Amino acid sequence: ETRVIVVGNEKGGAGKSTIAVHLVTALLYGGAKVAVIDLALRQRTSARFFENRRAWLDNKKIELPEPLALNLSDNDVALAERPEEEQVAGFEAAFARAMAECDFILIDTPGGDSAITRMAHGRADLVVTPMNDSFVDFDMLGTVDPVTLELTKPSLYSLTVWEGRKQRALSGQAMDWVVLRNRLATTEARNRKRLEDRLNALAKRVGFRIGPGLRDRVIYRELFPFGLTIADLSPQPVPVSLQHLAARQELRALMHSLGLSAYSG
Amino acid sequence: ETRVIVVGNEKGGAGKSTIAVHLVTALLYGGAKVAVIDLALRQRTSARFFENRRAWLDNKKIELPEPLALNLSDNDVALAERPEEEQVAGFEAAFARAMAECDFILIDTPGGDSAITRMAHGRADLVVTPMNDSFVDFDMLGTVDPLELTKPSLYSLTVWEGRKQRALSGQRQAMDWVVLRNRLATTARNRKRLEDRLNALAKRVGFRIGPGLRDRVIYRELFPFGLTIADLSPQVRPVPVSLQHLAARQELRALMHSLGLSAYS
Ligand SMILES: Nc1ncnc2c1ncn2[C@@H]1O[C@H](COP(=O)(O)OP(=O)(O)OP(O)(O)=S)[C@@H](O)[C@H]1O
Ligand SMILES: Nc1ncnc2c1ncn2[C@@H]1O[C@H](COP(=O)(O)OP(=O)(O)OP(O)(O)=S)[C@@H](O)[C@H]1O
Ligand SMILES: [Mg+2]
Ligand SMILES: [Mg+2]
């Protein structure tokens, strides 16, 4: 069937590239055959991750699953400068070509608005939208009243997904949308509550369902230079910590909630 | 003579808007007369902050310092769609008009690339560049080998060119560039590996490292009201006090000094 996952949030630093790289890496290890498309043309975090994996595995001469990384150009930083049309054309090539060869297409998007970004939301089966536990992030999903503090209306990014559905209702056939809270820390109780309320109210208005959070964790960020993740450090030498264990736990919970239980452990 | 501060990092979620809103608020309370310009045309986090302050102070009928918030349009979300030229024209109007009426101009920038963004880097006296303690963020400053540092990177160049553009108007008073680490958490190994590259890069690219902020609810918790710690006297209290407050106003102060604004703490 070939399912397409779009990781999205207009907000910067929501954790989009981090959830995408760990999604890919988990799927790979569930036998699946993944394609990774990175639409952050300049930053190219997912793309950079896997260039580092490539270069690393190579040097150490060990072997591990690699996705099928796909660029729009021979130089995307450069392509970022050409007009929308050329970017879209590039996307075209990369998407079409991945439809062929892969079971999942993982698309990581950038933290603003663009043609290719909008195009990706319209061709997606699942939209995973990680966010920070914070009203600053929440403001791209829904507008809250300063005095009352009631939610008040959907907001910029909500609309972006709402239109990526109307664009899937020309080719007729239901889009899962999951918002999960990422980089969770210790206390934050009062704020985590006020936020959790609006989060729910908004779900009813806009049609997403909340997934399980990840917590702030060095291991989610520490291995980027090598292009590795926790899913690569398994005992299957191997030093396992309580933290590593909590982490692969959360990832697993996450995987299930996205209905990818078929590919965990 | 009317100094201009540009908060910058191409990386999303580096903390730009959070450092800018607290800079403005600290300056205000040091007697200064600030202008706030937000070039994140869609998100408009700093602009949203102060619309909430406006609406909140109004409702509670209390009085507190407000900056001079400046829009490029009557609708910037809309302006985000017009061509570069029109955006730049809008900037023009807003910058020029703030040169007149203010001692500091605080410009918050978005987490990608744009004309107005590049224009702001060329007219800046100080560039405050907050980043996450993370190699993912670091990759927009400098490229590291999968054993170590090889070259400057996308955003380093953006500032390096905003200097060459200040070297037409020959400002003997060069541009100060400060990179500080933001959202610091508890536990060491990653914070060290990073701190090394951070220094090496400084020598190559010409910035100096400033004191970090730590991950703290209070830095994020008051956004809906458009308030900050600097507002939390006995009269203003929408939120119960924590021991955290003192450590917070501490870091802010340390920060302020390091940017040579000791005059306003
Ligand atoms: N659960 C987590 N635990 C620890 N670190 C995290 C976690 N999630 C994200 N990070 C780090 O947080 C920062 C933001 O994460 P990214 O995934 O890079 O965000 P993003 O949404 O891709 O941002 P852009 O720049 O808008 S794409 C990075 O420095 C990551 O290293
Ligand atoms: N020191 C801090 N403590 C706690 N939360 C923080 C801190 N710094 C930033 N945040 C939160 O981190 C997220 C990113 O910070 P922002 O200031 O929004 O980043 P940004 O650089 O404006 O990213 P763009 O503009 O969206 S790219 C927001 O949810 C803030 O509420
Ligand atoms: Mg990214
Ligand atoms: Mg912002």
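Backbone-built Cβ (ideal geometry, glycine too); neighbour counts: all protein chains shown. Quick note: the coordinates plus some simple rules give every number you see, no bench work behind them.
General observations
- Efficiency of FRET from Cβ geometry, residue A:174 and residue B:193, R₀ 41 Å, rounded to 0.05: 0.35
- Centroid-to-centroid separation of segment A:77-106 and segment B:9-44 [C-alpha atoms, Å]: 35
- Ordering A:209-217, B:29-37 by mean Cβ neighbour count within 10 Å, with the highest value first, yields B:29-37, A:209-217.
- Each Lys and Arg Cβ is given +1 and each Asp and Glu Cβ -1; about its Cα centre, chain A then shows a dipole of about 780 debye.
- Amide N of segment A:1-41 lying under 16 Å from the label point, which is placed 7 angstrom from the Cα of residue A:63 along Cα→Cβ: A:29, A:31
- For the pair residue A:249 and residue A:162, label points projected 7 Å from Cα toward Cβ lie 3.8 nm apart.
- Counting only other chain Cβ atoms within 10 Å of each residue's Cβ, the peptide B:41-47 averages 4.
- Proxy reagent accessibility, fewest Cβ within 10 Å first, across B:187, A:2: B:187, A:2
- Qualifying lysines (Cα of each under 24 Å from Cα of residue A:11; at least 8 residues distant if same chain): A:153, A:166, A:193, A:204, B:11, B:16
- Shape call, chain A: gyration tensor on alpha carbons, a/c limit 1.5: oblate
- Selection from A:199, A:179, A:71 lying farthest towards where the dipole of chain A points positive, charges on Cβ: A:199
- Projecting the Cα atoms of B:18, B:102, B:132 onto the dipole axis of chain B, where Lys and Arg carry +1 and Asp and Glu carry -1 at the beta carbon, places B:132 farthest toward the positive end.
- The charge dipole of the protein assembly as shown, taken about the Cα centre with unit charges on the Cβ atoms of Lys, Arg (+1) and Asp, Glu (-1), comes to about 1480 debye, rounded to the nearest 20.
- Calculated mean residue ellipticity, 222 nm, the protein assembly as shown: -12500 deg cm²/dmol, from DSSP H runs (n ≥ 4) at -39500 (n - 2.57) each, averaged per residue and rounded to 500.
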